[PDB]
Amino acid sequence: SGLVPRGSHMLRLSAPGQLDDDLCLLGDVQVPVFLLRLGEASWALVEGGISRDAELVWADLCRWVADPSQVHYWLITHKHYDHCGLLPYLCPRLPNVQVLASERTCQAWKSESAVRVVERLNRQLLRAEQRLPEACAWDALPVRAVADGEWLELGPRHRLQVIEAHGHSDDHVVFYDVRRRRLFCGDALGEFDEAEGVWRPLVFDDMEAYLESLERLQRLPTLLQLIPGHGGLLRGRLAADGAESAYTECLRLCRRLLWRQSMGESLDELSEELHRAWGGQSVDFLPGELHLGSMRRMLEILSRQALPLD
Ligand SMILES: [Fe+3]
Ligand SMILES: [Fe+3]
């Protein structure tokens, strides 16, 4: 790497450890969990991860926090297997934690059907020799539902607003730190492309909603830090123009899809091409058959909802 030999300014922070005075990245940058120091004896976690990373995240958590009885909150953006998979495994080690999530997210953990999908996907990600810890029941998690527009006063230095951001999933929320101009955006802007510096759209429920969410997030004060559900912490113009860029990349995808369909292409064609182009990034946390499946689903949603070309 070049970066061995020069102290340049990094636009993306992608290593575990301290990101800012109040903020650490725990576990794996691929599916990170963030730690906020709220106080001398108080902490919050943000993003709920994949189950197989339990011990990775737990060891990093213990590097910074001598007493895990001091972790008081755990904010969750949405119900997908990769954003809540640690909860049953680490909540039992966090006796004072309250999970904060949307009503629709909380409802999913009460659904036998939903919880078993979450379990099925997370089991496929266990590494060689890994055994998960003892789990809590999903319906026994210490949860509180949070609402659109709600101010979460996590502590005297940390007040974060819950902003509804449906479209990626029907339950997706994001969390905005007004003081720090720092947005925890989950998968609402898509998947950040590490080779190209652009957003790949992740529209798995509703395109109109996904665009409207981005429209709304573009109106926040200019971001200084943008923290998606995968890949680390973005700063500079990548943060400041994140929501706008995410929006345009989604339009672009619609244009490609509707153009190729014009030429009589099947949806499966663009899907295999998107799986080929984009699937490599998430191979270590999303089974490849399921990335292609998700690509096809997104293209179905766009095909139905995109404004026609004539
Ligand atoms: Fe997701
Ligand atoms: Fe995700």
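Take -8 as the starting number for the sequence shown in PDB author numbering and just add one per residue. Where is the CB? At the ideal position from N, CA and C, for every residue including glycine.
Delimiting residues of the alpha helix (DSSP H) encompassing residue i
i	result
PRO79	78 to 81
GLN89	Unbroken run through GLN89 is the beta strand (DSSP E), 89 to 93; no alpha helix (DSSP H).
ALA200	198 to 208
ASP13	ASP13 -> no alpha helix (DSSP H), and no H or E assigned at all.
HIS74	72 to 75
Three-state secondary structure assigned by DSSP to residue i
i	result
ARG148	coil
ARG246	helix
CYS127	coil
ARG226	strand
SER42	helix
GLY188	coil
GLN272	helix
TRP100	coil
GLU182	strand
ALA6	coil
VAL20	coil
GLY30	strand
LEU258	helix
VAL108	helix
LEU52	helix
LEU(-6)	coil
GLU141	coil
Local Cβ density within 10 Å of residue i, reported as buried at 16 or more and exposed below that
i	result
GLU155	buried
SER33	buried
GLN216	buried
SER273	buried
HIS0	exposed
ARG173	buried
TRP142	exposed
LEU298	exposed
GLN21	buried
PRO79	buried
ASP58	exposed
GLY140	exposed
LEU(-6)	exposed
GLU38	buried
residue 309	The structure shown does not extend to residue 309, since the chain is modelled only from -8 to 301, so the question has no answer here.
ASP51	buried
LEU261	buried
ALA35	buried
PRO278	exposed
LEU117	exposed
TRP49	buried
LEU214	buried
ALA237	buried
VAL169	exposed
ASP12	exposed
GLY188	exposed
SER60	exposed
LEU16	buried
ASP162	buried
Range of the contiguous beta strand (DSSP E) that encloses residue i
i	result
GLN216	216 to 219
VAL165	164 to 168
residue 312	Because residue 312 is not part of the residues shown, which for the chain are -8 to 301, the question remains open.
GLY284	It is not in any beta strand (DSSP E) - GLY284 instead sits in the alpha helix (DSSP H) that spans 279 to 296.
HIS63	62 to 66
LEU116	Element bounds for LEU116: n/a, residue is neither H nor E.
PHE175	173 to 177
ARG135	134 to 137
Practice prompt. Examine the Cβ distances between the stretch 42 to 51 and the stretch 104 to 123 and report whether three or more of them are shorter than 8 angstroms.
Written response: Cβ pair count under 8 angstroms is three or more, so yes.
Worksheet entry | Three or more C-beta pairs below 8 angstroms linking the stretch 200 to 218 and the stretch 172 to 184 | Proximity of the stretch 200 to 218 to the stretch 172 to 184 meets the contact definition, three or more beta-carbon pairs being nearer than 8 angstroms.
Worksheet item: For ligand 2, which residues have a Cβ under 6 angstroms from at least one heavy atom, in chain order?
Response: Here the list is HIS71, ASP73, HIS74, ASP178, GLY220 and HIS221.
Worksheet item: Are there three or more Cβ pairs, one per stretch, closer than 8 angstroms when the stretch 23 to 40 is compared with the stretch 214 to 226?
Response: Yes, since at least three Cβ pairs between the stretch 23 to 40 and the stretch 214 to 226 fall closer than 8 angstroms, the two stretches touch.
Discussion item. Check whether the stretch 53 to 73 and the stretch 83 to 100 are in contact - that is, three or more C-beta pairs closer than 8 angstroms.
Written reply: Output reads yes: the stretch 83 to 100 touches the stretch 53 to 73.
Worksheet item: Touch check for the stretch -6 to 10 and the stretch 252 to 269: three-plus C-beta pairs under 8 angstroms?
Response: The answer is no - the stretch 252 to 269 does not touch the stretch -6 to 10, with fewer than three Cβ pairs under 8 angstroms.
Item to complete: Say whether the stretch 205 to 213 touches the stretch 101 to 110, bearing in mind that this needs 3 or more beta-carbon pairs closer than 8 angstroms, one atom from each stretch.
Response: Counting Cβ pairs under 8 angstroms, fewer than three are found: no touch.
Discussion item. Between the stretch 189 to 198 and the stretch 117 to 132, can you find at least three pairs of beta-carbon atoms closer than 8 angstroms?
Written reply: Taking a cut-off of 8 angstroms for Cβ pairs, the stretch 117 to 132 and the stretch 189 to 198 do not touch, as fewer than three such pairs fall below it.
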